[PDB]
Each structure stands twice: as C-alpha cells, then as structure tokens.
C-alpha cells in the first residue's frame, strides 16, 4: 500500500496511482491547455525553450488580472533571462550554500530543542516550515534580532512575492497580491538599506555577491537586487517545507525502508530525491508555444498553453521501473523535481542541504515517529502542488 493510497492523496490525479492516458500529450478543452504526461516528451519540451517559452502574459485571458512580479526569472524569457541568470548564479553559488551547513544545523537544533520529549509533534509548524524561512533570511543579511520583524511581515511577503500561478489563480487571489504589494515600502526600504551597505562595505555574503556580479561589466541595479532578494525570501520556501514533510510521510508508509534509512544515513538524500519523484511539490509547469510543433504525433498550434505534469512524467514506466514504488536507493534518480533546462531550480542545493540536515537531526532526536489517524496528515488544496501542510507525529 503506497503513501498515496494510504492517505487518498489528490484523488483527482489518476497518474498518482498508475492510471495514465494512452497518449503523452492530451489536449483539454476546459481548461484550454495541452496536458503532457510523458517523461521523454517533458524532457524534450523543457530543453526546447525557444519553442516552449516561459513568459505567458500574452497567453492569459483578460479574466486573469495578475500583477507582474518584478525579477521573477521563471516568468522571464531569453535574452533577458540569460543575463539575469548568469548574474544571479554568480552570487547564488554551491560554495555559499555549503558554507551555511553549520548555521543550518544550529537553527535546526534550536527548533528541535523546543519540542524535544513531547509525545506528539507537528512537523511543519515545528521544523519544516520555520527552517527555510530563517535560513534564507540570514543568507540575505537579516540578523536574528530582526526575526520578530519578519514574522510580522510573513504573510504580506508571500502574497507579494509568490508569483504566478496559472492553475491556482483567482480574481480575489490576485486582488490580495495587489493589496499586500501596497504595504511593502518598509520591506523594500529594508532591503535597499542592506544593499547600500554591502556596496559601501563589501562582505563574503549573498547580497554583496549580487552587487558585485559582473559578466562583462553589465550588472544588476540596486532595485533589481532588492527584487531578487525579496523573491528569494519566498520562492522554494513552501516547496522546501512540503519536501521535508513528504519525505517523512513516504518513510512512515514503509516502516522497513524507514528503519533502513535511519540505520544508514547515506540514504537520506536519496530518500529526499525519491520523495520529490513520488510526491512532487512542483507537479505542474506551464509553457507557451511560439510556433506549431508536433509532440509525439500530436500537433500543437502556435500560442497555446502547455501544462507539463512533471508528477506524471516522474512515474513514466518508460523511464522508471516500478514507478509507484518509493525506493530511496534509485541511483541515479533523474526526476523533474527541480525542472530541467535553462530554468532548472536555482535553490536546489540549498533545498537538499536543509533536507539532509533537518532529516538527520529529526531521526537523531526522535527514534520513533508514526502518523496519527486521529490527527491525519493534511495536504495543500492546490492541484499543481503535492505536499503536506501539516504532519502530526507520535514520539511513541
């Protein structure tokens, strides 16, 4: 019995149980998008960014009244995206992430210290959710003493810098984004002050590296840097906590694999990777056709919206043997969890670091963790995001 069937996870998604359409590409008419379920097809689509573009503004109906989030690279197309990515990736580096490990462990310990010994913890509220927030804030020059100032802004930040948002958008939803954005002057004055400081007295940190990022002299403006930082405050945050909770849920569902993983911590990252393939926080990606293109015998007209169901592609039997089986030992595990191509997830090594550190400490602190049917795991309502929003676990 899989983790999906145990908790009746997203019953709307049949591919979560191996029920797949015969064709990889199936046009909807609802819902006027082209759904892609196949692994080789998704790979082809993701690699061909020219044919399958990422800026969908011209493709959205006037019913979609969405505020454009400044600096959002995922909604951005080349050549501008290329320059923006070259620059941001000059700063957001593997070395900077790796150097954060001790800090991540220290934050993780403090969080676990608060609930150590309790007969029941809730994984999201106690660990999975606060950790990515604090970690990314410190990377952006937010000192500990200013945590109360950021929990204060917590709600407004995420409404104001979440972004789009095709499947889940509503009129009232976008309305909320606008209102939050109207109350963000003091956050953007906050970031601007730290950017001005890093340009004045440079440090070995992210904000400074964003200021100094070069590529033949062509740099980011202070305003673009502030926008990059504010976006980073929320991008990957929710998905990171989902990923943390999803891994534990997959492990709970199979006590023998859980025991094996606890015994052999070298399997932790693999268990995290496998959870991303099994329960995808980013289940759906949107692309726009720039021309008429044939994908697997299916002709897609120009200016059509393609929905890449990465969760389904992650279960394509052509690519994955026993696709419905959570197996942390899969090596390699070329899932679509972080995407593929010029838009490949930038925060992936940070996500993987927080995951490995948090998981190992959780197992260390709590030798026994089991779900409660009286307090069942809940899930995000969204169709494009497959992750837990709450976990209740027994110390037992």
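Positions refer to the first chain, counted from 1.
Per the PDB record, of the two stretches 80-88 and 125-133, 125-133 carries the greater mean B-factor over its C-alpha atoms.
Higher mean CA temperature factor, per the PDB entry, when comparing 144-152 with 191-199: 144-152. Out of 102, 175, 74, 247, it is 175 whose C-alpha atom has the highest B-factor in the PDB entry.
Per the PDB record, 158 has a higher Cα B-factor than any other of 115, 276, 211, 158. Placement of the Cα temperature factor of residue 30 within the chain: highest third of the modelled residues, per the deposited record. The entry lists a Cα temperature factor for residue 333 that places it in the middle third of the chain's modelled residues.
In the PDB entry, residue 368 places in the middle third of its chain by CA B-factor. The entry lists a Cα temperature factor for residue 221 that places it in the lowest third of the chain's modelled residues. Ranked by Cα temperature factor within the chain, residue 349 sits in the lowest third according to the deposited record.
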